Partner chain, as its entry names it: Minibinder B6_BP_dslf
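Shown next as structure tokens: one chain only, the form solved without the partner chain.
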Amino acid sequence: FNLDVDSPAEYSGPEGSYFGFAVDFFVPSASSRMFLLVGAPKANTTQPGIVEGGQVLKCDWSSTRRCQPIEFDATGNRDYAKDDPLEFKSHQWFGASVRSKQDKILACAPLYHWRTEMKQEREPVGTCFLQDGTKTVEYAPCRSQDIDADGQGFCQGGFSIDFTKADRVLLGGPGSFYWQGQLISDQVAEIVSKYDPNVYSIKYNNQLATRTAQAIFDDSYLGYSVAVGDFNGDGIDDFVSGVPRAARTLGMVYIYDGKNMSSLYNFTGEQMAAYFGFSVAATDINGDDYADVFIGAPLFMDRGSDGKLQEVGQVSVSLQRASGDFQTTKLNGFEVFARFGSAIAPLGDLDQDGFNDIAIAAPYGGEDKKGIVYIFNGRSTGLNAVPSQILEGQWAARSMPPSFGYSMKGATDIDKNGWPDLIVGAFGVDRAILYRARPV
């Protein structure tokens, strides 16, 4: 309710570049400036021989706030031999995953292909780039010697990423092992140190990853969405993963241990083909010092008052209890085909009332389907089911929907006044709007 609408910060990008497909905050350690990070995964870079490689920009917080692209990489396709490229970087969607912790900007290219070491192929294996201050390394754990749809060849890792508080990073690759999907977690000290730029498949010591399963688990897309939060009291961020096509396309959401990647808890959708696992979040919405699971299912159809199935969307809100069981209530969308629950954005304590908040967007809602964001406040019992404020995107469509709220990011205050702020990416019109919370 306390967000400013009459003057937000409109940021713009290159045309047709998908400026705003991913947003995050960059607040460095000892710089005392604050930046918005934005991925434009279809933006033409100056890399040689590479068309629409994709780039992650850094938008300043100023009056004359311009956005400058970060040079994570400036090289072309490396070669395996003479006139035989090792890798393929055009249209690789670098900037579909933008994620930042305090010096470190991890940005990932899911659609990256490479010619493998044993034969000639083009396998969408994915890479990631980790900029820890002035040193940029390359992180590609799916790019390994297991090379097929059978192995990690179609891994497409970096599809979803997140930072553990204990300096690990969680990689979600949804195509590994005949699209069983895979989580990969590894320390940031292992990534920066063990990086030879002339070695193509790097072995990591402290890497935690899931393994092969049976064939009944094929096509489940594990790692389509990731989250972190503690779920067995060991102080370490346990790994949450949305698995949208598991259990015969009902959808599941897995929770793994953060210390040795063992299965803690599971979730399961109730309607087939509703994408239970498209978005997962974890914040303490009631203040019980236990992180709460927030599972979006944008393609959920509920019975209307007439009996018609209206595709409104749904968010599974589960409150963590100390015994181990959770308390799951369900929050439904408003307009049909608007895809409620595509983005679950933890806001932190937006109103400074003692309970954390969440923005949930419907990127095809409102007048002319521009996109709405719904602001839900916390209470001591859990979540308040009625929203507090709607956020209507004011940008008309040009050639695709404006997709306002397809990516959002909160829980960081830029003004240093005490109330966290929310950036909303609206990549159909290549925008990324920033909202500033007001004092109450």
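Residue numbers count along the first chain shown, from 1.
The same protein has a further form, the form solved in complex with the partner chain, not shown here; the description that follows concerns it.
Student: Is every one of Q47, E71 and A74 in contact with the partner chain in the deposited complex, taking contact as a heavy atom within 4.5 Å?
Tutor: Contact check failed for every one of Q47, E71 and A74.
Student: What stretch, of 201-209, 147-155, 130-138, 232-240, brings heavy atoms to within 4.5 Å of the partner chain in the deposited complex?
Tutor: Within 4.5 Å of the partner lies stretch 147-155.
Student: Which residue, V192, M261, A213, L319, has a heavy atom that falls within 4.5 Å of the partner chain in the deposited complex?
Tutor: If I apply the 4.5 Å criterion carefully, the residue I get is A213.
Student: Quick one: of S185, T283, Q180, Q314, which gets a non-hydrogen atom within 4.5 angstroms of the partner chain in the deposited complex?
Tutor: Selected residue: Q180.
Student: Does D103 reach the partner chain in the deposited complex if we count a contact as any heavy atom within 4.5 Å?
Tutor: No, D103 is distant from the partner.
Student: Any of the heavy atoms of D349 lying within 4.5 Å of the partner chain in the deposited complex?
Tutor: Judged by the heavy-atom cut-off of 4.5 Å, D349 is well away from the partner chain in the deposited complex.
Student: Taking heavy atoms only, is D218 within 4.5 angstroms of the partner chain in the deposited complex?
Tutor: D218: yes, in contact with the partner chain in the deposited complex.
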